[PDB]
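Shown below, as structure tokens, is a lone chain in the form deposited without the named molecule; questions about how it binds or moves come after it.
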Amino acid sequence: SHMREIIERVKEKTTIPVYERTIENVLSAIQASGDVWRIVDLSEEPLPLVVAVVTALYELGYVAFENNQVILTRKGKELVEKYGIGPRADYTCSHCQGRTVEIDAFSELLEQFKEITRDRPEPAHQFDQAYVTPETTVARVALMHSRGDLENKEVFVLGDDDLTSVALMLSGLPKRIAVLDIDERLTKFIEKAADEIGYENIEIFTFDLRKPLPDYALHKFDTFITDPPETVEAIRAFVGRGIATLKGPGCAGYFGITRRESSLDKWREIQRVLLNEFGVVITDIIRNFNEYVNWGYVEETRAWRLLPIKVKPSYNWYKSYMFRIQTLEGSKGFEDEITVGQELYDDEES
């Protein structure tokens, strides 16, 4: 009863749920790659859970670390063989990078975005607070336009590390754009890009999000976009605040949810929030739509700290799914005070 032993070992190391499928996913990934960052990517299990699993595996003799790779031992090869776990294949589409949309027609926008963002603020120095690639940004415009959520729409951008607002301005599509960010380096940069483009229908909000929305944000938008912190409670706050900015039925929201930091037991809870507390409908969930830029900022992670391989990731391993929602009769957002501080941003899953 090999698998049962592995499961119990991993459970000693985390409170995140552990299933056989968990082990299997990791095992499958390992056979495809020895790179820890890719293992996390391919397994689509949360980072701390992969670290727990890999640790449990090593402890029990199933894996080794050799020439800086994570690898199956003789005993490991027997294990995957016994359970019929093959290496994880992938067929992500090479032109759209799995995004479902192609950006050929936004070639000029892409280029103008890369140029204008030459000296954008540098990212915060954590792997999970990076901004998305330019291609992601432009692919988001493409998506949102193709669903009819941009042209002559009033669009609210809640947090804009990504500089989605800049893209939106270069698109010429919206009627107006509001951005909420207290990062004054961001909002200043956004202003400058606006002045440079001559775009007049942009506004900067700086209210406290923990506080009820002001009357100039409440029910005043057609579409919002946000990237919430990966906790249920932050998703409720950020997405629910986004929903509360919407006018009424027929409006759209876009946001990112990761497999890197949120287990599928957490995803279930997030989905029940959206469908029961808010009463909206999820119209799209697109795997790895969002690709985050990698600067090697992983040195605080347990993966870096406590595992013997100390190789930085060599590609944009950190990706999130695009969720699209739409409002309907009886939909609602989250309008209460957000009464938890920095604890909003972490949970039991690290």
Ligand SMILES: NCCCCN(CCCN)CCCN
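Numbers follow the displayed sequence, beginning with 1. Only the largest set of C-alpha atoms that superpose within 1.5 Å between the two forms is called the rigid core.
Gaps at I85 occur in none of the other compared entries of the protein that contain both adjacent residues, all of which model it rather than a third dropping it.
Among other compared entries that model residues flanking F221, every one gives it coordinates, keeping it clear of the one-third cutoff.
Judged by mean Cα B factor in the deposited record, 10-18 ranks above the other of 325-333 and 10-18.
Just going by the entry, 66-74 versus 32-40 on mean CA temperature factor gives the higher value to 66-74. In this entry, the residue among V281, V26, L60, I286 with the greatest C-alpha B factor is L60.
Between the residues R241, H125, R88, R259, it is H125 that shows the highest Cα B-factor in the PDB record.
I182 sits in the highest third of its chain by CA B factor, as recorded in the PDB entry. Among all modelled residues in its chain, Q97 ranks in the middle third by Cα B-factor. In this PDB entry, the Cα temperature factor of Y318 sits in the bottom third of its chain's modelled residues, the lowest group. In this PDB entry, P46 carries a Cα temperature factor that places it within the lowest third of its chain's modelled residues. Annotation for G248: CA B-factor lies in the middle third of the chain's modelled residues.
Another form, the form deposited with the named molecule bound, is not on view; read the next lines as being about it.
With the site C-alphas superimposed, the ligand pose in the deposited bound form sets the named molecule onto this chain such that three or more atoms are within 2.4 Å of backbone or C-beta atoms; a blocked site results.
The listed set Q97, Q112, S171, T258 contains one residue whose heavy atoms approach the named molecule in the deposited bound form to within 4.5 Å, identified as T258. A heavy atom within 4.5 Å of the named molecule in the deposited bound form is found for one listed residue only; from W304, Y297, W37, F323, this is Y297. Taken together, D162, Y292 and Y318 are fully in contact with the named molecule in the deposited bound form: each brings a heavy atom within 4.5 Å. Partner contact region in the deposited bound form: 223-231, out of 223-231, 99-107, 243-251, 273-281, criterion any non-hydrogen atom within 4.5 Å of the named molecule. Not displayed here, the named molecule is approached by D128 to within 4.5 Å at the level of heavy atoms in the deposited bound form. Put simply, after the core is superposed between the shown form and the other one, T301 is the one residue in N316, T301, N288, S28 with a Cα shift of at least 2 angstroms. Put the two forms on the same core and the Cα of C96 is off by less than 2 Å between the shown form and the other one. For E196, the Cα coordinates differ by under 2 angstroms between the shown form and the other one after the core has been superposed.
If you fit the rigid core between the shown form and the other one, you'll see the Cα of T15 move by less than 2 angstroms. In the deposited bound form, the Cα atoms of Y58 and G296 sit 3 Å or more farther from each other than they do here. Compared with the form shown, the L307-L47 C-alpha separation decreases in the deposited bound form, the change being 3 Å or greater.
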